[PDB]
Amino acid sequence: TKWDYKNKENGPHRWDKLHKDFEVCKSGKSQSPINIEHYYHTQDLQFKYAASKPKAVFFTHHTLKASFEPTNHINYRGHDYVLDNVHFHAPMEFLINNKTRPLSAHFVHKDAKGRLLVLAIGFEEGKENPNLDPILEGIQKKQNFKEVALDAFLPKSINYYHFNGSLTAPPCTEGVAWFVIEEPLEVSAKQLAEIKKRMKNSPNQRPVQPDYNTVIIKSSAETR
């Protein structure tokens, strides 16, 4: 009974069935991901990202993950959150106005209390991405892992939909603070393809979930 995104006995349709920890995958009223169609415009969020060497780059639970030493942070409303990892989904899991991207990255953060702030940004096919370099190369070796350009990773000025949701994979824990960033980065078709290859050419995209009038704001901030 190991969960996956395959439409068989162990898919998303049935995560709630595989363990009793996963019940909130079906019973939960703030589940991710969803379609960002309806939101509110408006006017808080501070980025402390230094280029860092991963403490490890690996395949786990259908995703490609880079973990970090807790030297990086996000500050949202005085509360502080440290970057734990960056992992990937193909295709992108959240949908902005029913538009799909081929890939997205998730910058998971935690506070000392374990509350999560997750940061989602999407990828489209095109220009080669410098910043992917140490991850594609870091995954081939357990290495003195080369640094990732975190401060340079996502746009300086950014527009996002902030809302509360859940983890997008079991155990689908809610209370998660989602910041989904409208502007996609580009990725080489080769770059994209080996990422897909390295996630075992098998998509790790949870289906959009029942939305119970989720209150979404669209806003702006600066990430440098």
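Numbers follow the displayed sequence, beginning with 1.
Visitor: Are coordinates for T60 absent in a third or more of the other compared PDB entries?
Guide: Yes, a third or more of the compared structures omit it.
Visitor: Is it true that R224 has no coordinates in a third or more of the other entries in the comparison?
Guide: Result for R224: never missing in the compared entries.
Visitor: Should the higher mean CA B-factor in the entry be assigned to 98-106 or to 136-144?
Guide: Between 136-144 and 98-106, it is 136-144 that shows the higher mean C-alpha B-factor.
Visitor: Output the stretch having the higher mean C-alpha B factor in the entry; the candidates are 80-88 and 127-135.
Guide: Stretch with the greater average CA B-factor: 127-135.
Visitor: Can you tell me which of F47, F68, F58, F163 has the maximum CA B-factor listed in the PDB entry?
Guide: Reading the PDB entry, the winner on C-alpha B-factor is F47.
Visitor: In terms of recorded Cα temperature factor, pick the maximum from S30, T63, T168, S188.
Guide: Reading the PDB entry, the winner on C-alpha B-factor is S188.
Visitor: Give the position of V118 by CA B-factor within its chain, expressed as the lowest, middle or highest third.
Guide: For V118, the deposited C-alpha B-factor lands in the lowest third.
Visitor: Check where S157 lands among this chain's C-alpha B-factors and tell me if it's the lowest, middle or highest third.
Guide: Ranked within chain, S157 CA B lands in the highest tercile.
Visitor: Can you tell me which third, lowest, middle or highest, the CA B-factor of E194 falls into for its chain?
Guide: Answer is highest: the recorded C-alpha B-factor places it there.
Visitor: When the modelled residues of the chain are sorted by Cα temperature factor, does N10 land in the lowest, middle or highest third?
Guide: CA B-factor rank for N10: highest third.
Visitor: Of the three thirds of its chain by CA temperature factor, lowest, middle or highest, which one includes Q43?
Guide: It falls in the top third of the chain.
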